[PDB]
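Asker: Below are the structure tokens for one structure; questions will follow.
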Amino acid sequence: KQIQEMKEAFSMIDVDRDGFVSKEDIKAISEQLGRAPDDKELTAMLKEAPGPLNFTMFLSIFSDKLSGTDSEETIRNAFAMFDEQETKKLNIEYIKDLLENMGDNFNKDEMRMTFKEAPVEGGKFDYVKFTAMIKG
Amino acid sequence: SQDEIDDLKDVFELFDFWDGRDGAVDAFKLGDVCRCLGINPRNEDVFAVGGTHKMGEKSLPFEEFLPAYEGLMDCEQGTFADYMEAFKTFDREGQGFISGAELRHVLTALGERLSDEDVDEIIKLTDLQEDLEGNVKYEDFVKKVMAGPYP
Amino acid sequence: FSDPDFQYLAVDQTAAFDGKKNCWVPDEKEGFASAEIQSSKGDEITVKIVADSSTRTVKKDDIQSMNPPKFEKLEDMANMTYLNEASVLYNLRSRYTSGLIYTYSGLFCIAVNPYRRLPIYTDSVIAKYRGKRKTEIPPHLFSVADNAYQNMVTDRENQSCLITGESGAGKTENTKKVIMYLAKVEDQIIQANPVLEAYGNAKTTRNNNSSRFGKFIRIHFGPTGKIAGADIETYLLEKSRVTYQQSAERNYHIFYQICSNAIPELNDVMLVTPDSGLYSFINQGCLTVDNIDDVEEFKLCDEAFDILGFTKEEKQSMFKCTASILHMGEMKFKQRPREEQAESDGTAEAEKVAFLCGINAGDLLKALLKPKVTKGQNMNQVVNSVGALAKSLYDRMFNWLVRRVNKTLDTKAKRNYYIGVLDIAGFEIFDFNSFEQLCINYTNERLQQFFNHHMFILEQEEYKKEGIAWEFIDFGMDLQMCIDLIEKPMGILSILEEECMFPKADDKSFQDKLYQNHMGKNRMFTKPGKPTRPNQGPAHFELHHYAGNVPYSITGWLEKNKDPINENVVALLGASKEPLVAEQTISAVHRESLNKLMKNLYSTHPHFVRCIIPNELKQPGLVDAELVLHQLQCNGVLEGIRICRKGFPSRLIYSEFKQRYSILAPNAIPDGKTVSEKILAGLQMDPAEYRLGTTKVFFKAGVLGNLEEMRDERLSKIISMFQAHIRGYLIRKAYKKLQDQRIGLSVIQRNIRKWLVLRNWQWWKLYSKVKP
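Okay, here's the thing in structure tokens:
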């Protein structure tokens, strides 16, 4: 189902419906929606694919991105590992503290980028809903 | 004994490492250290030997640590009798019950208080449950807490 | 209540009273004086005497706190703010000079001798005291009696009244009123006094009707709470008064009754000439007795023998044997320059004697002048064995007499419990004191110490028993010593007793053998001091008795303790014609009677009556404060009241005590009454701050508040320890995670940095965009 989308996607992106994605293909659709990348962005954005962009080298680079990651269950647990009472929520000051200056310290930006999305309401940061959002 | 002092060693590391490995531990953790070697001293107890109210306040070597544990050993531990006795004084019915709400009050409000978090904590851990009237057999609870996290 | 019956029974009070100016200051005449402070000066206070309005100084620590007019003539002194020798003496003396002679001192009663008849004992008055609770009605002896009754009944146990006081106080009068009372709520009982008093009483300087024997009378009760019998016990009758009587004193009452002509018909039956001053044995000291009509007393005594159910022969046997004595002392003698053995100086009087005792006058004077193996006696050895005989007869008459009056009272009816009354002869100090007195005094001591035991020693014990709360208090009231000096193993009496068994002994080996043992080894024993009263005869040593220092003359104490009548004459009389006549040392014997009495007492719920002699003049309504105050001291009144106010108000049933105070020594609890015995024991609790109890514990004041202190403390700790236990559990629970959390964090840290960098990938951006 990750594929079914990819295709239908490649379809909407491949404007000149020629089964290939060209600098004009990308630029084209981007603009039809939100601001689009500059030539340099579009250039190196394609150079990321050895040869022509058939629906194959497409699924290839996309799959090689999302590779090297774990489970929604494996992560939801690394979380409940700080959820002693098993409430399915972490107190915001806590989590922020963990990530911020513990282990492999994050940075303010990593910190902002991360919480700009985070689902915190009532002081408690729901790591379930957020594990989903970050995953499937 | 040696196998004993070795144990202090073992644990001292796990800790001294987490508050920045350097062969020294924050005196504010001296409690939790010993709490790991079995013992459960009382906050009043810990400060008596060297503990501190806050982090940063001060760090300690393994040399000064040995006697803090020699100390927190000779200190009184509560038997089942004692926990049963005290809990009885809150039971008007006399049938080994109590309500959640009150139990909560005893823990959070009386004696060396316990944060509201540690409470919802241990409740969930020991998986303590109330009936329709919202009461709990304090006998069971005491037994679990006494049991350990891994029985 | 408007009841005429309360004239001399109910108390009949404001202004001029500054609780900081007014106080009690020592006095020499009044014991204490009403003073009003004028000026302090370190310790030298300067007060003004309210009476004469004179002035003086007084150490500050010698002032006594006066009580406010709020407690004027108070009925119960334990309710006064101040219970000091001056507040007590004032209260009594206040009441007394107003007719009120009864006052409660806490749990026991105080009777001050009226020396006049009072309309407070009538049947009218008895009606009102019946079943009344002590606080409900004025203070009275009936109340004390009425209450002991209720207790025996409801509590189902024996009661007992120890009526104490000095000689001439009211011990006897009050003992009789108690019986008369209990009898009214029977006729023979009341009637046993007139005969026993005739034979065992005598005028003395102190008392015109001095009791010369100890009396313990028990009154039995049946299943409906009514009198169902009664018995009498007597102790140490003054064998000596029979033949001898110090000046201003008389012999027993009978002898004088017998020579008055109350019943002329009897003159020839006894062979007496109605003249007392005719018989040596009874005219030594006094003859008549201001306020004692020997004529009428004789009649009533005769009348009483009838009611007692005495056959005419029986009661004529008595009268004759006693009139016979009046003759033993008329038998004159002589010697006969040569050997002296002794010969008679007539026979007229010595026959009347043999006659009345139904024995041969010949065989008599014979076994009296050459007692049989024979052994003649000199001229005095005889006149003294005459006395030995008189005394010994009279001691048998009196004993038989009592046995007989008990015959008439031991109704074989059904007995439940009883109420005894103890009237023992009291302390008396004369110009000359000998063995007789030591015996009476040793007796009276003794008793006082009983009150001390049951009052202080005792009270606190029970507190412990029941297992209440309390801290001890030393009232410093013990005479075990004085007691010990006289009774213990090597004591005074024991020395004398072992000195009699030696025929060699004498008044000097006895006197020396005494100092030999106690001089300097016991401070109660002190060389004779210096005269505190004229005509003060010889003294060999002094004893410090509760109520006085007594200089004792030990001359003749060896014969006095070893009796001695011709075993010969005892044979004559052994087979006499008269039917009555036909029918161990003294010390040991009496010591034993006494110990047995005491033993019988201890098994009781005692109510105490305290008699008080108002003055040394025998006149009514007059007070001698010094003397009074002095008694309010050696009797232990004040202290006797402190504990009634002080006491141990706590009380706990071991069942409720164990449940509340187990948590104070649980490492000693393996029965509610022993568990507490343990807890309070563990806590190393002072035996003082608490007391025993059968069903409950008694903790002195405050102590229980303090136990609830320790109780909390522990309850707080334990609560902490369980919180510590919860702290340690949660810590140890998260111990794997310190490894587990180190991983569980690296997941999140590395796996968010991914989702972070994936959103910063143009492709993904644009992708996400298309999405819809």
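One line per chain: the protein sequences are Y, Z and C, in this order.
Counting in PDB author numbering, the final residue of the first sequence is number 150, and the numbers go up one at a time with none missing.
Counting in PDB author numbering, the final residue of the second sequence is number 154, and the numbers go up one at a time with none missing.
Here the third sequence stands for residues 5 to 16, 24 to 196, 216 to 402, 410 to 620, 643 to 729, 734 to 835, numbered as in PDB author numbering.
Every residue gets a Cβ at the ideal spot worked out from N, C-alpha and C, and that includes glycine.
1) Within 8 Å of any Cβ in chain Y, is that where the Cβ of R777/C sits?
2) Does any CB atom of chain Z fall closer than 8 Å to the CB of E100/Y?
3) Given this structure, state the Cα-to-Cα distance separating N138/Z from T145/Y, to the nearest angstrom.
4) Shortest alpha-carbon distance to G117/Y belongs to which of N823/C, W826/C, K828/C, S809/C?
5) Determine whether the beta carbon atoms of residue 17/C and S471/C lie at a separation below 8 Å.
6) Ignore the nearest five residues each way along the sequence and tell me which others in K71/C's own chain have a CB closer than 7 Å to its CB.
7) Put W21/Z into one of helix, strand or coil per three-state DSSP.
8) Using a beta-carbon distance below 8 Å, is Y12/C in contact with chain Z?
9) If the cut-off is 9 Å on Cβ atoms, which residues from the segment 79-103 of chain Y count as contacting chain C, listed in chain order?
10) Under the three-state reduction of DSSP, which class applies to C519/C: helix, strand or coil?
11) Could you tell me which chain Y residues have their CB closer than 9 Å to the CB of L128/Z, listed as they occur along the chain?
12) Pull up the DSSP beta-bridge partners for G42/C, would you.
13) List, from N- to C-terminal side, the alpha helix (DSSP H) runs of 4 residues or more that fit wholly inside the segment 87-112 of chain C.
14) Using the rule of at least 16 other Cβ atoms within 10 Å of the residue's Cβ for burial, across every protein chain shown, is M361/C buried or exposed?
15) From the DSSP secondary-structure annotation, give me the bridge partner or partners of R248/C.
16) If the cut is a Cβ gap below 9 Å, which residues of chain Y does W824/C touch?
17) Closest to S310/C by CA distance: which of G244/C, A292/C, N321/C, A353/C is it?
18) Rounding to the nearest angstrom, what Cα-Cα distance links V696/C and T68/C in this structure?
19) Given a cut-off of 8 Å, decide if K139/C and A506/C are closer than it, judged by their beta-carbon atoms.
20) Across the segment 480-496 of chain C and the segment 440-448 of chain C, are there enough close Cβ pairs to call them in contact, namely three or more that are closer than 8 Å?
21) Beta-carbon of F493/C versus every beta-carbon of chain Z: anything under 8 Å?
22) Below 8 Å on the Cβ atoms is my contact criterion, and I expect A44/C with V36/C to pass it. Report the Cβ-Cβ distance as a whole number of Å.
23) Terminal residues of the continuous alpha helix (DSSP H) containing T445/C?
24) Report the start-end ranges of each alpha helix (DSSP H) in the segment 741-811 of chain C that is 4 residues or longer and not cut off at the edges.
25) What residues of chain C sit near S74/Y, judged by a beta carbon separation below 9 Å?
26) Taking Cβ-Cβ distances shorter than 8 Å, what residues in chain Y pair up with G791/C?
27) Could you name the residues of chain B that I42/Z contacts, counting a contact when the two beta carbons are closer than 8 Å?
28) Measuring straight from C-alpha to C-alpha, what distance separates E98/Y and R90/Y?
29) Against chain Y, does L801/C count as a neighbour if the rule is that its beta carbon must be under 8 Å from one of theirs?
30) Please classify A292/C as buried or exposed, where buried requires at least 16 neighbouring CB atoms within 10 angstroms.
31) Bridge partners for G585/C per DSSP, in chain order?
32) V61/C by DSSP, collapsed to three states: which one?
33) Whole angstroms is fine: what's the gap from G791/C's alpha carbon to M76/Z's?
34) Which residues in chain Y sit within 7 Å of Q786/C, going by Cβ to Cβ distance?
35) For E124/Z, decide whether its Cβ has a neighbour in chain Y, counting only Cβ atoms nearer than 8 Å.
36) By the 10 Å Cβ neighbour count, where 16 or more other Cβ atoms means buried, how is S77/Y classified, buried or exposed?
Answerer: The answer reads as follows:
1) no
2) yes
3) 36 Å
4) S809/C
5) In the model as presented, chain C runs from 16 straight to 24, which leaves residue 17/C without coordinates.
6) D54, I56
7) helix
8) no
9) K79, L80, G82, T83, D84, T88, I89, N91, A92, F93, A94, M95, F96, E98
10) helix
11) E98, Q99, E100
12) Looking at the DSSP assignment, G42/C forms no beta bridge with any residue, so it has no partner.
13) 96-107
14) buried
15) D261/C, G457/C
16) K79
17) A353/C
18) 29 Å
19) no
20) no
21) no
22) 5 Å
23) 416-446
24) 766-796
25) What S74/Y touches in chain C: nothing, since even the nearest Cβ is about 12 Å away.
26) Near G791/C there are no residues of chain Y at all, since even the closest Cβ is about 15 Å away, more than 8 Å.
27) The question asks about chain B, but that chain is absent: this structure's protein chains are Y, Z and C.
28) 13 Å
29) no
30) buried
31) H582/C
32) coil
33) 14 Å
34) Ordered by position in chain Y, no residue passes the 7 Å Cβ test against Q786/C, which lies about 17 Å from the chain.
35) yes
36) exposed
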